[PDB]
Amino acid sequence: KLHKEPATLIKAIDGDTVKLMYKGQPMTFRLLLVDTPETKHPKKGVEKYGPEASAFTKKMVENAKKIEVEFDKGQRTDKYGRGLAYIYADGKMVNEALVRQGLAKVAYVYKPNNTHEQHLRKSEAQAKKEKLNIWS
C-alpha cells in the first residue's frame, strides 16, 4: 500500500517541479504522471499555458497548511535525481488538480509507477469534455 509522509515547502520551481525539505534534507520533486506546459522548457523556454500551470502549482503549495509526499511502487528518483511522487496540499493531490483544470496531460506511463493512472485519466477526460485551458 502507498503511504503519505510530511514535507515542508522550500520553493515552487515550475508547473511540474517543487523543491521540498524531506526528512531533514532539501530535494527537488517532479510530479508523477503529468506533463505540464513549462516555463523552463529545455528547447522552447516558455510554452503556452506554461506561466499559468506554474502559478497554479505555486499557489497550491504556498497556501497549504500541510504538504505530504506519496511515492509509488517503482523507482523513487529519476535520472536527474528528482524524487518522483504524488504531492498533496491539505489532502488534495496537486497532480490531479492540474489535470482536472486542463493545465496538464497524463504522461507516458512507466509501470509499476502507475497506481493513480486510472484516476488521472478520468480527470483528463472530464477536462477535455469541458474544453478547459489546454483543451480550449
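Chain A is numbered as in Swiss-Prot, which gives 88-223 for the residues shown.
Using the three backbone atoms N, Cα and C, a Cβ is placed for every residue, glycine included.
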Residue among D103, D159 sharing the Ca(2+) site, where Swiss-Prot lists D122, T123 as binders: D103
Same-chain residues near the compositional bias 'Basic and acidic residues' (203-219), Cβ under 8 Å, at least 6 residues beyond its ends: 119-121, 159, 173, 180, 182-183, 186-189, 192-193, 196
Binding-site residues (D103, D122), the one with most neighbouring Cβ atoms at 10 Å: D103
Counts by DSSP class (helix H/G/I, strand E/B, coil) across the compositional bias 'Basic and acidic residues' (203-219): 13 helix, 0 strand, 4 coil
